[PDB]
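Participant: Got model20.txt for you, compact mmCIF, C-alpha atoms:
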```
# COMPACT_ATOMS: atom_id res chain seq x y z
CA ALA A 269 -21.92 -10.77 -2.38
CA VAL A 270 -21.39 -13.50 -4.98
CA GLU A 271 -20.01 -10.88 -7.36
CA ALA A 272 -17.88 -9.24 -4.66
CA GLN A 273 -16.18 -12.56 -3.92
CA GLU A 274 -15.79 -12.96 -7.69
CA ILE A 275 -14.08 -9.55 -7.80
CA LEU A 276 -11.55 -10.67 -5.20
CA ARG A 277 -11.00 -14.00 -6.97
CA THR A 278 -10.49 -12.39 -10.38
CA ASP A 279 -8.13 -9.81 -8.89
CA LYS A 280 -5.92 -12.58 -7.50
CA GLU A 281 -6.26 -14.62 -10.70
CA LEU A 282 -5.19 -11.68 -12.86
CA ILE A 283 -2.23 -11.14 -10.55
CA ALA A 284 -1.06 -14.75 -10.79
CA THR A 285 -1.80 -14.86 -14.53
CA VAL A 286 -0.28 -11.68 -15.98
CA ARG A 287 1.38 -9.62 -13.25
CA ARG A 288 4.09 -12.12 -12.26
CA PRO A 289 4.74 -13.51 -15.77
CA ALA A 290 5.40 -9.91 -16.86
CA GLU A 291 8.10 -9.54 -14.20
CA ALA A 292 9.60 -12.92 -15.12
CA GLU A 293 9.66 -11.90 -18.78
CA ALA A 294 11.36 -8.62 -17.88
CA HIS A 295 14.01 -10.49 -15.89
CA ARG A 296 14.54 -12.94 -18.77
CA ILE A 297 14.90 -10.12 -21.31
CA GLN A 298 17.40 -8.21 -19.19
CA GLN A 299 19.46 -11.35 -18.46
CA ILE A 300 19.58 -12.31 -22.14
CA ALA A 301 20.41 -8.72 -23.09
CA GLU A 302 23.32 -8.79 -20.64
CA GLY A 303 24.57 -12.01 -22.20
CA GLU A 304 24.27 -10.66 -25.73
CA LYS A 305 25.97 -7.37 -24.81
CA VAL A 306 28.93 -9.16 -23.25
CA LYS A 307 29.18 -11.45 -26.29
CA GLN A 308 29.13 -8.53 -28.72
CA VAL A 309 31.69 -6.55 -26.71
CA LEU A 310 34.05 -9.53 -26.59
CA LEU A 311 33.63 -10.22 -30.31
CA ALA A 312 34.28 -6.55 -31.11
CA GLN A 313 37.43 -6.55 -28.98
CA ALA A 314 38.64 -9.71 -30.73
CA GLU A 315 37.98 -8.20 -34.16
CA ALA A 316 39.69 -4.94 -33.21
CA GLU A 317 42.85 -6.66 -32.02
CA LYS A 318 42.74 -8.90 -35.10
CA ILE A 319 42.77 -5.76 -37.25
CA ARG A 320 45.54 -4.20 -35.15
CA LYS A 321 47.84 -7.23 -35.43
CA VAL B 258 -20.92 -17.26 -1.83
CA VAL B 259 -19.04 -19.88 0.17
CA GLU B 260 -17.71 -21.42 -3.06
CA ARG B 261 -16.29 -18.12 -4.29
CA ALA B 262 -15.01 -17.02 -0.86
CA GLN B 263 -12.90 -20.18 -0.82
CA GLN B 264 -11.85 -20.02 -4.47
CA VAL B 265 -10.25 -16.72 -3.49
CA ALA B 266 -8.06 -18.66 -1.03
CA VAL B 267 -7.34 -21.19 -3.79
CA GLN B 268 -6.02 -18.30 -5.88
CA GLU B 269 -4.17 -16.94 -2.84
CA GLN B 270 -2.16 -20.15 -2.83
CA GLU B 271 -1.99 -20.13 -6.64
CA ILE B 272 -0.18 -16.77 -6.69
CA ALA B 273 2.73 -18.16 -4.67
CA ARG B 274 2.67 -21.39 -6.66
CA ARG B 275 3.03 -19.31 -9.83
CA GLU B 276 5.81 -17.31 -8.15
CA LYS B 277 7.85 -20.46 -7.50
CA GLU B 278 7.06 -22.27 -10.76
CA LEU B 279 7.66 -19.22 -12.95
CA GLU B 280 10.94 -18.51 -11.17
CA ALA B 281 12.10 -22.10 -11.72
CA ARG B 282 11.04 -22.24 -15.37
CA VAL B 283 12.15 -18.74 -16.44
CA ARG B 284 14.69 -17.02 -14.21
CA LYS B 285 17.07 -19.93 -13.64
CA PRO B 286 17.11 -20.97 -17.34
CA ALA B 287 17.83 -17.33 -18.22
CA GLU B 288 20.76 -17.22 -15.79
CA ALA B 289 22.10 -20.52 -17.14
CA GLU B 290 21.79 -19.31 -20.74
CA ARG B 291 23.56 -16.06 -19.85
CA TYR B 292 26.43 -17.99 -18.28
CA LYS B 293 26.62 -20.28 -21.31
CA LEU B 294 26.74 -17.31 -23.68
CA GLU B 295 29.40 -15.62 -21.53
CA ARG B 296 31.64 -18.68 -21.56
CA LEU B 297 31.20 -19.45 -25.26
CA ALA B 298 31.88 -15.82 -26.17
CA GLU B 299 35.01 -15.83 -24.00
CA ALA B 300 36.19 -18.99 -25.75
CA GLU B 301 35.50 -17.47 -29.18
CA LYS B 302 37.47 -14.34 -28.27
CA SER B 303 40.34 -16.46 -26.94
CA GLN B 304 40.43 -18.44 -30.18
CA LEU B 305 40.10 -15.45 -32.52
CA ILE B 306 42.79 -13.36 -30.79
CA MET B 307 45.44 -16.06 -31.11
CA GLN B 308 44.40 -17.16 -34.60
CA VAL C 258 -48.97 -3.34 -11.07
CA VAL C 259 -47.55 -5.55 -8.32
CA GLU C 260 -45.42 -7.41 -10.89
CA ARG C 261 -43.85 -4.21 -12.20
CA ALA C 262 -43.49 -2.59 -8.76
CA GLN C 263 -41.35 -5.57 -7.77
CA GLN C 264 -39.44 -5.82 -11.05
CA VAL C 265 -38.24 -2.32 -10.19
CA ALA C 266 -36.65 -3.78 -7.04
CA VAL C 267 -35.21 -6.59 -9.15
CA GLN C 268 -33.50 -3.93 -11.26
CA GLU C 269 -32.50 -2.06 -8.09
CA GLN C 270 -30.45 -5.10 -7.15
CA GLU C 271 -29.35 -5.57 -10.77
CA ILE C 272 -27.70 -2.13 -10.87
CA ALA C 273 -25.32 -3.05 -8.03
CA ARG C 274 -24.79 -6.51 -9.50
CA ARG C 275 -23.73 -4.84 -12.75
CA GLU C 276 -21.51 -2.47 -10.76
CA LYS C 277 -19.60 -5.36 -9.20
CA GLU C 278 -19.51 -7.63 -12.26
CA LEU C 279 -18.49 -4.85 -14.66
CA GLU C 280 -15.77 -3.71 -12.27
CA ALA C 281 -14.40 -7.25 -12.01
CA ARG C 282 -14.52 -7.93 -15.76
CA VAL C 283 -13.29 -4.54 -17.01
CA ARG C 284 -11.44 -2.38 -14.50
CA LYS C 285 -9.17 -5.03 -12.97
CA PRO C 286 -8.20 -6.54 -16.37
CA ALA C 287 -7.40 -3.01 -17.57
CA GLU C 288 -5.16 -2.39 -14.54
CA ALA C 289 -3.42 -5.74 -15.06
CA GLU C 290 -2.88 -5.03 -18.76
CA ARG C 291 -1.49 -1.58 -17.95
CA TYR C 292 0.97 -3.10 -15.48
CA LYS C 293 1.97 -5.75 -18.02
CA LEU C 294 2.57 -3.11 -20.69
CA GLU C 295 4.56 -0.98 -18.24
CA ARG C 296 6.85 -3.87 -17.29
CA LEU C 297 7.34 -5.15 -20.84
CA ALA C 298 8.11 -1.62 -22.07
CA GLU C 299 10.61 -1.15 -19.24
CA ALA C 300 12.29 -4.42 -20.19
CA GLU C 301 12.41 -3.41 -23.86
CA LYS C 302 14.00 -0.07 -22.97
CA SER C 303 16.53 -1.80 -20.71
CA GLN C 304 17.46 -4.18 -23.52
CA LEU C 305 17.63 -1.54 -26.26
CA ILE C 306 19.74 0.92 -24.26
CA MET C 307 22.47 -1.62 -23.55
CA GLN C 308 22.36 -3.22 -27.00
```
Can the structure in the file be given as structure tokens, please?

Facilitator:
Amino acid sequence: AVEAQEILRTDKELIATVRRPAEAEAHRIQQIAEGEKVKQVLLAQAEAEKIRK
Amino acid sequence: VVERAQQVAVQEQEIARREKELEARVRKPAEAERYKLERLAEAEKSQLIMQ
Amino acid sequence: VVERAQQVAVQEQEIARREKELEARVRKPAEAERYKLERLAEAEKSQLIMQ
């Protein structure tokens, strides 16, 4: 029974330790990727119209 | 057995604590950085087009 | 003879103790690592596609 309670505790600990940080990291990566994509698109548009003019 | 059967409740509260703390320290800074990058890129485009 | 005939019961409890402990220290960490790899790979794909 000691080890069964330890199983439950380590399940919850692994959740709080790696499962949620993984989701937070995924959200951070996708947010930063969105920012970088918008920045690159705007810079490319600026360069293209520079070349056109 | 009692010790471990209550440490499981400690971790049950810890999971939500990590939820909140990780959100505050990761998701909101990421949103703020994305907005900062958006605005600075818009300013750079506005400057480059008219230069 | 009595000593050994009770050490066999000691090991009879030890087999289930090893069951539980090995599950906790191997199977659950493996599941957590698989989920972490899944989510990080999904994030990397989401970033690479739009870059």

Participant: Quick one: which chain B residues come within 12 Å of stretch 273-285 of chain A, and what is the nearest atom pair for each with the distance in Å to one decimal, counting only C-alpha atoms, rows ordered by chain and ascending number, as a tab-separated table?

Facilitator:
```
residue	atom	partner	partner_atom	distance
B:258	CA	A:273	CA	7.0
B:259	CA	A:273	CA	8.9
B:260	CA	A:273	CA	9.0
B:261	CA	A:273	CA	5.6
B:262	CA	A:273	CA	5.5
B:263	CA	A:273	CA	8.9
B:264	CA	A:277	CA	6.6
B:265	CA	A:277	CA	4.5
B:266	CA	A:277	CA	8.1
B:267	CA	A:277	CA	8.7
B:268	CA	A:280	CA	5.9
B:269	CA	A:280	CA	6.6
B:270	CA	A:280	CA	9.7
B:271	CA	A:284	CA	6.9
B:272	CA	A:284	CA	4.7
B:273	CA	A:284	CA	8.0
B:274	CA	A:284	CA	8.7
B:275	CA	A:284	CA	6.2
B:276	CA	A:284	CA	7.8
B:277	CA	A:284	CA	11.1
B:278	CA	A:284	CA	11.1
B:279	CA	A:284	CA	10.0
```

Participant: Using all atoms listed in the file, determine which residues of chain A fall within 8 Å of chain C; present them as JSON, numbers by chain.

Facilitator: {"A": [271, 272, 274, 275, 278, 279, 282, 283, 286, 287, 290, 291, 293, 294, 295, 297, 298, 301, 302, 304, 305]}

Participant: One decimal, in Å: what's the spacing between atom CA of residue A:315 and atom CA of residue A:296?

Facilitator: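 Result for atom CA of residue A:315 versus atom CA of residue A:296: 28.4 Å, one decimal.
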
Participant: What does the structure give for the distance between atom CA of residue A:292 and atom CA of residue C:287, in Å to one decimal?

Facilitator: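 One can read the atom CA of residue A:292 to atom CA of residue C:287 distance as 19.8 Å.
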
Participant: Report the distance between atom CA of residue A:289 and atom CA of residue A:308 in Å, rounded to one decimal place.

Facilitator: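 So the two atoms, atom CA of residue A:289 and atom CA of residue A:308, lie 28.1 Å apart.
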
Participant: With N, CA, C and O atoms as the target, complete stretch 280-296 of chain A and hand it back as a short mmCIF file (atom, residue, chain, number, x, y, z; two decimals), keeping the file's coordinate frame.

Facilitator:
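Now in part.cif:
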```
data_model
loop_
_atom_site.label_atom_id
_atom_site.label_comp_id
_atom_site.auth_asym_id
_atom_site.auth_seq_id
_atom_site.Cartn_x
_atom_site.Cartn_y
_atom_site.Cartn_z
N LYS A 280 -7.05 -11.69 -7.77
CA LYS A 280 -5.92 -12.58 -7.50
C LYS A 280 -5.54 -13.39 -8.73
O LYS A 280 -4.36 -13.63 -8.99
N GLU A 281 -6.54 -13.84 -9.50
CA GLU A 281 -6.26 -14.62 -10.70
C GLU A 281 -5.51 -13.80 -11.73
O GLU A 281 -4.56 -14.29 -12.34
N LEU A 282 -5.91 -12.54 -11.94
CA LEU A 282 -5.19 -11.68 -12.86
C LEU A 282 -3.77 -11.42 -12.39
O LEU A 282 -2.84 -11.40 -13.20
N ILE A 283 -3.59 -11.24 -11.07
CA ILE A 283 -2.23 -11.14 -10.55
C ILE A 283 -1.41 -12.35 -10.98
O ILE A 283 -0.48 -12.24 -11.78
N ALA A 284 -1.84 -13.54 -10.53
CA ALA A 284 -1.06 -14.75 -10.79
C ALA A 284 -0.91 -15.03 -12.28
O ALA A 284 0.03 -15.72 -12.68
N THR A 285 -1.81 -14.51 -13.11
CA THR A 285 -1.80 -14.86 -14.53
C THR A 285 -0.95 -13.92 -15.37
O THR A 285 -0.27 -14.37 -16.29
N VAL A 286 -0.98 -12.61 -15.09
CA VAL A 286 -0.28 -11.68 -15.98
C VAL A 286 0.73 -10.81 -15.24
O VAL A 286 1.71 -10.35 -15.84
N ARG A 287 0.51 -10.57 -13.94
CA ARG A 287 1.38 -9.62 -13.25
C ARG A 287 2.76 -10.20 -12.99
O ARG A 287 3.77 -9.52 -13.20
N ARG A 288 2.83 -11.46 -12.55
CA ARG A 288 4.09 -12.12 -12.26
C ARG A 288 4.79 -12.61 -13.52
O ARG A 288 6.02 -12.48 -13.62
N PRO A 289 4.08 -13.19 -14.49
CA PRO A 289 4.74 -13.51 -15.77
C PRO A 289 5.36 -12.30 -16.45
O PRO A 289 6.40 -12.45 -17.11
N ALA A 290 4.78 -11.11 -16.30
CA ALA A 290 5.40 -9.91 -16.86
C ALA A 290 6.75 -9.64 -16.21
O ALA A 290 7.73 -9.33 -16.90
N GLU A 291 6.83 -9.76 -14.89
CA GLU A 291 8.10 -9.54 -14.20
C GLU A 291 9.12 -10.60 -14.59
O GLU A 291 10.30 -10.29 -14.78
N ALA A 292 8.68 -11.86 -14.70
CA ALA A 292 9.60 -12.92 -15.12
C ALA A 292 10.11 -12.67 -16.53
O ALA A 292 11.29 -12.89 -16.81
N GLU A 293 9.23 -12.22 -17.43
CA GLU A 293 9.66 -11.90 -18.78
C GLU A 293 10.65 -10.75 -18.79
O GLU A 293 11.63 -10.78 -19.54
N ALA A 294 10.41 -9.73 -17.96
CA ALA A 294 11.36 -8.62 -17.88
C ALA A 294 12.72 -9.10 -17.41
O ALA A 294 13.76 -8.71 -17.97
N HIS A 295 12.74 -9.95 -16.38
CA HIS A 295 14.01 -10.49 -15.89
C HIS A 295 14.71 -11.31 -16.97
O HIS A 295 15.93 -11.20 -17.15
N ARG A 296 13.95 -12.13 -17.70
CA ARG A 296 14.54 -12.94 -18.77
C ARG A 296 15.14 -12.05 -19.85
O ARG A 296 16.25 -12.30 -20.33
#
```
